[PDB]
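S.K.:
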Amino acid sequence: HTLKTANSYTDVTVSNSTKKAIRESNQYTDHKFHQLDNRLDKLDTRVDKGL
Amino acid sequence: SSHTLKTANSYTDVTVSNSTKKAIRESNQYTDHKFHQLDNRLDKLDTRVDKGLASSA
Amino acid sequence: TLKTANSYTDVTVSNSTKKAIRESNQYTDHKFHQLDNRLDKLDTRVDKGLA
Numbered sequence: 303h304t305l306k307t308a309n310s311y312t313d314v315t316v317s318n319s320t321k322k323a324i325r326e327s328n329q330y331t332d333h334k335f336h337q338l339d340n341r342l343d344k345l346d347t348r349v350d351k352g353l
Numbered sequence: 301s302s303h304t305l306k307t308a309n310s311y312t313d314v315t316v317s318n319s320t321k322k323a324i325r326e327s328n329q330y331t332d333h334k335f336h337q338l339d340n341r342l343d344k345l346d347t348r349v350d351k352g353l354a355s356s357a
Numbered sequence: 304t305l306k307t308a309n310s311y312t313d314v315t316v317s318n319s320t321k322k323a324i325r326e327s328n329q330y331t332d333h334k335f336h337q338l339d340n341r342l343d344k345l346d347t348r349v350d351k352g353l354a
């Protein structure tokens, strides 16, 4: 009985799923990081003049 | 089984989809949490700079 | 034995969930850190430019 074919479909689907998750989380992460990059750039410029 | 690879395969698709969404929800929760600690630190540095500034005479 | 295929699915999906979370969370930490090291560098500046 083709548990093998069921199990092997699972493996393929899971591993693409994992991929997807990681990339989607990291793009959210990159977005959040850029938020904060743009604040830090605007503060760093402040300090350089307030100097 | 033969063709109830279809029922197994279709259970695989349903479960994988719910899994992908959960992993993403949890990850992004953890991101927001860490972003927030950084936000809080920038807020208080921003306030410092606004005072360490206004002071002149 | 949909049951045996289905229960291999459950075991594999649940392992891939946590894997995707582990990797996301490490990318997040990595970014955090970059940002922390920028903050500490700016903090120190302000504490001296507080001359």
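Residue numbers (the entry's author numbering), protein chains in the order written: chain B, 303 to 353; chain A, 301 to 357; chain C, 304 to 354. Note that the Cβ used here is the ideal one computed from N, Cα and C, for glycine as well.
If we ignore side chains and look at the alpha-carbon of each, how far apart do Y311 of chain A and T304 of chain C end up?
M.R.: Approximately 13 angstroms between the Cα atoms of the pair.
S.K.: Check the Cβ of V349 of chain A against every Cβ in chain B and list those closer than 8 angstroms, keeping chain order.
M.R.: Here the neighbours are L345, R348, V349 and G352.
S.K.: Measure the alpha-carbon distance for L342 of chain B versus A323 of chain C and round it to whole angstroms.
M.R.: Those two C-alpha atoms are separated by around 30 angstroms.
S.K.: Spatial neighbours of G352 of chain B within its chain, please: CB distance less than 7 angstroms, with the 5 preceding and 5 following residues excluded, ordered by chain position.
M.R.: Excluding residues within five positions, none has a Cβ falling inside 7 angstroms.
S.K.: Answer with buried or exposed for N318 of chain C, where buried requires no fewer than 16 other C-beta atoms within 10 angstroms of its C-beta.
M.R.: Exposed, since its Cβ has fewer than 16 Cβ neighbours within 10 Å.
S.K.: According to the Cβ coordinates, are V349 of chain A and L338 of chain B closer than 9 angstroms?
M.R.: No, the pair does not count as a contact, with Cβ atoms beyond the cut-off.
S.K.: Below 8 angstroms on the Cβ atoms is my guess for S327 of chain A versus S327 of chain C; work out the distance and round it to an integer in Å.
M.R.: About 3 angstroms; that satisfies the 8 angstroms criterion.
S.K.: With a CB to CB cut of under 7 angstroms and the five nearest residues on each side skipped, what residues in its chain are close to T331 of chain B?
M.R.: No residues qualify anywhere along the chain.
S.K.: Which residue comes first and which comes last in the alpha helix (DSSP H) that contains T347 of chain B?
M.R.: From DSSP, the alpha helix (DSSP H) with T347 of chain B extends over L305 to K351.
S.K.: What would DSSP say about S355 of chain A, mapped onto helix, strand or coil?
M.R.: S355 of chain A: coil per DSSP, three-state reduction.
S.K.: Could you pull out every residue in the same chain whose Cβ sits closer than 6 angstroms to the Cβ of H333 of chain C, ignoring the five residues on either side in sequence?
M.R.: If we look at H333 of chain C and ignore the five residues flanking it on each side, it has no Cβ neighbours.
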